[PDB]
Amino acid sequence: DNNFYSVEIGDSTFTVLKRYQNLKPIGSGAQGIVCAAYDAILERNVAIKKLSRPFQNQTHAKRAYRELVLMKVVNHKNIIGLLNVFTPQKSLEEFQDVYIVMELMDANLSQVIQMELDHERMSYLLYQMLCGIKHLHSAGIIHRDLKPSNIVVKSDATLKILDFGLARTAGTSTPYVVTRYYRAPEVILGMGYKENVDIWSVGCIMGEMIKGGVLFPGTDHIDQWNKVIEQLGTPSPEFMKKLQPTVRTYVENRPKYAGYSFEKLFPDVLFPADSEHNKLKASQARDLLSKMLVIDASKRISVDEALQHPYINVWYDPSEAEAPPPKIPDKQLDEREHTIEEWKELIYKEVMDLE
């Protein structure tokens, strides 16, 4: 009879439109288990992300709202596409679950990191990640959690970013929320953050792609800092000064480190043959690597700079790279405290709009 239905996936219940069929578990977001599904109507695979009673908490509601808002507003071929949203509940009183339907790519980067890319591919993927990020920044939005598993590819070599639950404007104003291995110094050390925090993440991702494995493993949130300095060497005192004193003391206390050169961090052995023409060179990759993986955010290259970089700009196209900003209605401001129930209200209104 009715519009929705139900399937047990392990201990999770998916209640979804009858159009969606054959659900399979695939992964998680900050919030959400996610299923792959057939959309019998549109006749294509999709991804359904269940957000479970997200109003149950400041956190969950904050993240859910953003994710709802940003997914509606964002539009770029390198951001993952909105397709549908719904709740199966029939009212603000009944309400508990949100569901988001998105396009399904073929794989996340996990994945590619292991295979051995030629330069044109490696540079192309980066270029696509960056246009994606420039799209968010373009509107003041920082992704904060870029990592191989938030970046999805397809076998035509296209690429999109994913999961906006973490996404907000600039820093300070909780610490262990961004994935450990991709944490920038400004995040490890508690000093707050600007858009180029995303650039640090890209640097790590690129590094891994080449490295074959995680660039700064780091066995806990503190060792993490060791890995960073073990490699890049001890930041400047100019830098340390901006460190809060409690943390400043620890840092200044570490064994000093010269740090390896990028040629040593990233030898030729590791790179493919150099490509047909000029800018896709192992050394150009190094140069770029060296401008992203910089401890001091104020000496770190931006997205627009990164797109300009000779290794990335060989694909440069203004209609991808200088699109119109997603438009955020000044209502939603990624920070406000609401309540227990002001939240349940907001999301509902927002899902309601979107159904």
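Sequential numbering from 1, following the sequence displayed.
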Handout entry: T174 preceded by how many uncoordinated deposited residues after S173
Key = 1 to 3
Exercise for the section: Could you check which stretch, 277-285 or 156-164, carries the larger mean CA temperature factor in the entry? Expected result: 277-285
Practice task
Using the B-factors recorded in the PDB entry, average over the C-alpha atoms of 67-75 and of 87-95, then report which stretch comes out higher.
Solution key: 87-95
Practice task
Quick one: which of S290, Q308, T59, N45 shows the highest Cα temperature factor in the PDB entry?
Solution key: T59
Fill in the blank from the handout: Per the deposited entry, the peak Cα B-factor within the set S149, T169, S201, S123 goes to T169
Exercise for the section: Can you work out whether the C-alpha temperature factor of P237 puts it in the lowest, middle or highest third of the chain? Expected result: highest
Practice task
Looking at the entry's B-factor column for C-alpha atoms only, identify whether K256 ranks in the lowest, middle or highest third of its chain.
Solution key: highest
Exercise for the section: Could you tell me which third, lowest, middle or highest, the C-alpha B-factor of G32 occupies within its chain? Expected result: middle
Exercise for the section: Report the third (lowest, middle or highest) to which the CA temperature factor of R19 belongs, ranking only the modelled residues of the same chain. Expected result: lowest
Practice task
Looking at the entry's B-factor column for C-alpha atoms only, identify whether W315 ranks in the lowest, middle or highest third of its chain.
Solution key: lowest
